[PDB]
RNA sequence: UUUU
RNA sequence: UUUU
RNA sequence: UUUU
RNA sequence: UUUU
RNA sequence: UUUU
RNA sequence: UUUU
RNA sequence: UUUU
RNA sequence: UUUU
RNA sequence: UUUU
RNA sequence: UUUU
């Protein structure tokens, strides 16, 4: 009667929820890495956690880019850091070179330091569609923490991040994120 | 091997417990609505909760009425507000009219805004049995909250209440309540 | 051929018996805890014991309340102290608050320090039935002792008690108890 | 499909962990009792707890003795107090007499007030092996608490302790303990 | 074809009948024991017997209490004396102490000297129900006699009695009894 | 696997033993009744008892008669008093008339007040065999007591006795008795 | 359903317990014999007995030796005297010669007068491990007594003893013993 | 025909081998972490590797401690860093506190940052065995690297290390290590 | 029904027993051979024999060594001489060379002149454990004799011996032996 | 009927035997390699061989170390040279470096030039056990020779050796060896 | 078959 | 069924 | 099914 | 039967 | 089939 | 087999 | 299989 | 059939 | 049936 | 199939 137990088990666990929004950021040619799961801190509220582990049932990422001054490209890489030891990964840890066209870092991907959840490229044209967006929903996994508060040192194995990189410094991008998780 | 899993699952979950007492209240001809599950606030103690959900395994209500000056009637309606959005329901939401003999509000019951758990009427006579009481134990259900503290705004879908209404303002009634719940 | 062995085994064991009576006690608003199984002391008579263990086959409690001066309530809680280390439990160990309407202590009940055998409330009215009584018979369990004589220090795991609490200090209550036990 | 459910259930529960160390204590001829599980207090961190119950999946005790001045014996008794009501057990509750060679208290063991997890005796010789140690790992059980903080009054049914007793007051002993537990 | 024979056998045996009434007796604090089956004496009439044995097919007891001067309690214990040697049992043979709240005599009940058929307690209140009654019908058993006439010396193994005891000497009680028996 | 359990149960129960001797008694024409099981009193020794019940596994009676002055007859009736209420039965309770040739009392035997274990008559001749004896061994049954010491009032249901009666007052008889019993 | 009955039978029997300690004894070249089960005397306490038989469920012996002045050997022979008639066995009854290296007495072992439970030899060196100890736990058997008190004359078939013998008179040895037994 | 393929596959792969020795190190009270697999660098020799991955078939660790000046303890923890990002782990990452008696770091073990292969404690006594050693052989797993040379930055997921910590700074310890691995 | 006959046969045969002790012997660098079974001579006692054959059911050897002046080694070789013709074997018959480190004589072992039962080496250190011992129990075989008395000429096929050899002449060794045999 | 043939075949082949002893050698920090099977030369005696092949059925090695001046370590590596071409292997052929803590030579072990039979390390302490020994017995294999006499040039594929290496030059070690072989 |  |  |  |  |  |  |  |  |  |  397997799989039916999975259903019953989850009906006894509270599905806590955490929402985040990050608007009006500039496109970055050298790229940046944004925290997504870090915001769930130790506490008793619906968007907090008990202990240093949570299990994401599902999470959703919404990304948006707006071209300014020149038509440009925005790339967003949603990823899981399977081996985080209390840091916010650098762009070069994920990409071979710090360029929006770069392929993944051969070494970190070989050893599975990261798992790419979604890699999205939005081309925003000032002579066409200057505003573009994408929403992605995916089932989640375990998230471990190394601390209680919303600081880099608290990120742990399973931490969720988003790398943004593009070919201009003038355009603006927005993002929002939601995680539904159990905390038993 | 179903139903056996239900047993095992619960053996791994702490059955927290919350107790409440509300003594020496006056009988109300227009009625009043008392909070029962609201008292379980966010915290780490045995009678508190993590997050905004708990699952009542069982709960018990004890009601008592004492006639004073004149023989009178005390009515106690134990109910669940399946759709609470952060309030303490009014008497008229539950009863068609604000009278101890009234039937339920046709509209709120049709839409199942409330689920009546037990409706008890105690007739206390100053020429007979002037003191009467009733204890009721029932299995519970999920309780959702809209906030962390013991205020009306924190009541949510599944909140438990008790409406008291009678035909005099002089008699005194007492009540106590216990909820055994899991908080995983 | 199980269950048939249970029958045969008991036919070879003497079913000793102990009787107790406790009349004319005042109702207590703060409550009191009375000893029931403590009276079976080490000795060779029919109502005594060899060693520090006996197995209650069945026991019976008779409680009675009589209103005096004012109509009042008498509550009697028959219980087993599963973890007694040589004491007579306090009222607050059993009840959340020292009030006749109180629910059980959340902590001691969660950990199963006590097992409630029967909780009886008698409302005695001087304008109605001023005298009320209740007799309850139940199968018993193992009783461990921590000493040889009838003192608090001899109570042990499985000791049987009765808590009495009410809303007046003037009424009078009576009780009697019988335990049928094996002592092999 | 039993036993497989046990596996799945635990994969959804955070296995919190608590570590403790107690170094440089003097050997005691009258003995002492040390707290082991008491240190897990109410809170939101990885080594804390929600409510008054936790379930130890596994725990480990490390004991060490060093002879000083004279060759001597160190005894360590790892035990569970199945009936703790908010205390640190005394040596005489566990041992018949307060001597390192004593057998267990007949009464408390008969009634199963305690469950002995491991009884270790280390003989440290100043003409041989003056330093000895032992590490023991065992599966755990439920632990109930009677309070929120790290004080004796918070110990409850299932509390874990270690009794140390020897034949000298001069030697030094060290100990450390780890508990892996679920807190759902 | 068993059980069918039981039916046929009884159709060939006369079911004799004996009726008795005992009205206007005072409540007794020290108690009294009344004869019920003793009245069936040797003779040829419908309510008499041949020899020293009869077999009660069924018998019925009706008890009634009326409070006088003060609200009071009436207790009636219907019992069979399995070992009567020509006497009317004393109150202390049946009850541990001569008090209406007393439990049964441990020794006589252990050895099964008596079999309790019904134990009834009626609380009569001068501020409520001052008159109460109870009728009980039960299948009977063999009754042996030690003599021919209606005197104590004629009671024998199986004799039926009723013990009455209360908390006042002023109230009045009434009783009546009927026995349907075969006399083959 | 029945009957095998009977064997195992008894291997766990101590088979206590009691021995008695009664020598040099005169033959009695009116008869006398001697106590046999009464001598087992409350205590902790091998020939004593805990409580008011024992179960005789087996018992043995040895009787002897010696004619003196004239050839004469000695009768010994070994019996169980199934309904003893604290007495030593009289000769007339057992025998129709107080004569060594008498048949049993019709009334007491009809109601099974007594169970005859063995009825022995020894004719001792001064011109032949002047000395005669008989030893009888039989399985036993439950023995109930009404007190702790070796007095008549302690005899209870199941008590064992021996009636002696003859046709002369001059001859001498001796007897001895042994009871093997469990006392669980 | 055998073996299951053994389990059930024992659940109805009190497992009494007796503890003993014997510290600071000198090593003996001619040997000595110590009593272990003799200390359980007739009485009503948890470490006493009813009658002259008990059944040891399990027993444990703890022996310890400490070299003094010279490195030396301590031998401890735990044994059961299957035929004790009220004595403390002599060393020569157990050993062929009174020497710590001796083999068992050929005659007493051939006839099974004794059953060796454990034979332990501890070599304590003043240039190495000067302190050594051994704890042994074993299931027990029936123990018969010849008297009520703790004197040699009370030892009987099944009595438990410990013989100590070594190669010096200066070293010191300690021992402790526990017996868990039924006494039905 | 599974498992047989595993055999055949390995017969086609060269089992390269790497040996290391680290002698004459001082005991460390704050502890140190030594590299074991780091020494396998990129190259074409038998003890080198192609690429950034190797699969250890088996590896062996030999540890040794020698007491100097004072009797002391040496602890060696052989472990795998499952998430290494180019570092030599610190003592505090593995142990809760920097003490030889400390339990593991609760956080890093919860998230499985490390896998303990073997935890060995050697007590070296200057009055007994001053020199002690232990050799351990275990099957291995995948080893990922982050660089080509023997520097900390080259350690990667699966890197093998050994933590040494003790209670003195004077004693000396030695170690050696061998890894047999495939490099296909 | 084989093997069951072996059991029955032996129950009809007396298991005679012989004990021996040999204390305070000096360690021998050239070695010595001691007689073990030779001591069983023709006679009628429990430790003697009828005829020239006995069958050892079981035998036990206890050896002990004590270092004196210098730390040294004691070797004890328990063996059976399968072909003895009336002698005490020489050391060179058993060992290739007369040295405590020597392997067995190639020729005598090839032809199975001897069967080695146990070869024990005890290293006794004056800076550690200066006293060591070993007890060995083994099933036996047939023993043939060539004479009636305890002299070398009486040893025959199957004779049991013990060779002792060491690296010093100063240490002292002790031994004892027991043989349980049938003599039908 | 396989495996049974192996038994029969060997019963027709002489099991020749060779014994060797090598006493009083100094511990070597650079190590040495000793010959074990080389001593079996061409000839007709029981410890010699016909031709250049023998098959070792079983062989045994006995090693011993004695600390002198300083506590020290002795390592003994019993091995088979599967590819010997007429030499006594060097220490560096077997060990990576000439140190007693060294792991095996990666190259020679990879190619299976040697097969390690047993690797033993003995730590001899002048403050504890200064003398230690180990005896190892193992089944053997084919042994090929390259010559007729006991010189290095005669060693061939399968030759047996023992490498000794330690951390001092002062201690003394002894060894002995036996080989049982067929020579058909 | 089960039950005080 | 097997075992001292 | 068996076990303290 | 399976699924959020 | 069972039951007063 | 099912149940707090 | 049954029995003190 | 399984295993370094 | 298997084993030195 | 079972297991941390």
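In order, the residues displayed for chain H correspond to 13-196 in Swiss-Prot numbering, which applies throughout.
Method reported for this entry: X-ray crystallography, 6.0 Å.
A Cβ is built for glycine as well, from the same backbone N, Cα and C atoms used for every other residue.
Secondary structure from DSSP puts residue H:26 (Ca(2+) 3 binding site) in coil. If you look up Swiss-Prot, you'll see H:26, H:56, H:139 marked as Ca(2+) 3 binding site.
Under the heading Ca(2+) 1 binding site, Swiss-Prot lists H:26, H:56, H:62, H:65, H:139, H:195, citing experimental evidence as support. Other Cβ atoms within 10 Å of the Cβ of residue H:26 (Ca(2+) 3 binding site) number 12 in total over all chains.
What Swiss-Prot records for H:26, H:56, H:139 is Ca(2+) 2 binding site. Non-local contacts of residue H:139 (Ca(2+) 3 binding site) by the CB criterion (under 8 A, 6+ apart in sequence, same chain) comprise H:83.
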For this session: Sorry to bug you, but what's the C-alpha spacing from residue H:26 (Ca(2+) 3 binding site) to residue H:65 (Ca(2+) 1 binding site), rounded to the closest Å?
Result: 14
For this session: From the binding-site residues H:26, H:56, H:62, H:65, H:139, H:195, keep only those with a C-beta under 8 angstroms from any C-beta in chain A, and list them in sequence order.
Result: H:65
Exercise. Measuring Cα to Cα, how many angstrom lie between residue H:62 (Ca(2+) 1 binding site) and residue H:56 (Ca(2+) 3 binding site)?
Worked result: 7
For this session: Could you check the binding-site residues H:26, H:65, H:139 and tell me which sit with their Cβ under 8 Å of a chain D Cβ?
Result: H:139
Problem set entry | Cα-Cα distance linking residue H:195 (Ca(2+) 1 binding site) and residue H:56 (Ca(2+) 3 binding site), given in Å to the nearest integer | 11
Problem set entry | Interface-proximal binding-site residues, chain I, C-beta separation under 8 A, candidates H:26, H:56, H:139, H:195 | none
Seminar exercise, completed: What DSSP gives for residue H:139 (Ca(2+) 3 binding site), in three states, is coil
For this session: Tally every other Cβ atom lying within 10 Å of the Cβ atom of residue H:195 (Ca(2+) 1 binding site).
Result: 16
For this session: Run through the Cβ atoms and count how many others sit within 10 Å of the one on residue H:62 (Ca(2+) 1 binding site).
Result: 12
Exercise. Of all the binding-site residues given, H:56, H:65, which has the fewest Cβ neighbours within 10 Å once its own Cβ is left out?
Worked result: H:56
Exercise. Residue H:26 (Ca(2+) 3 binding site) to residue H:195 (Ca(2+) 1 binding site): how many Å between their Cα atoms?
Worked result: 7
Exercise. DSSP on residue H:56 (Ca(2+) 3 binding site), three-state: which is it?
Worked result: coil
For this session: Let me know the DSSP-derived helix, strand or coil state of residue H:195 (Ca(2+) 1 binding site), please.
Result: coil
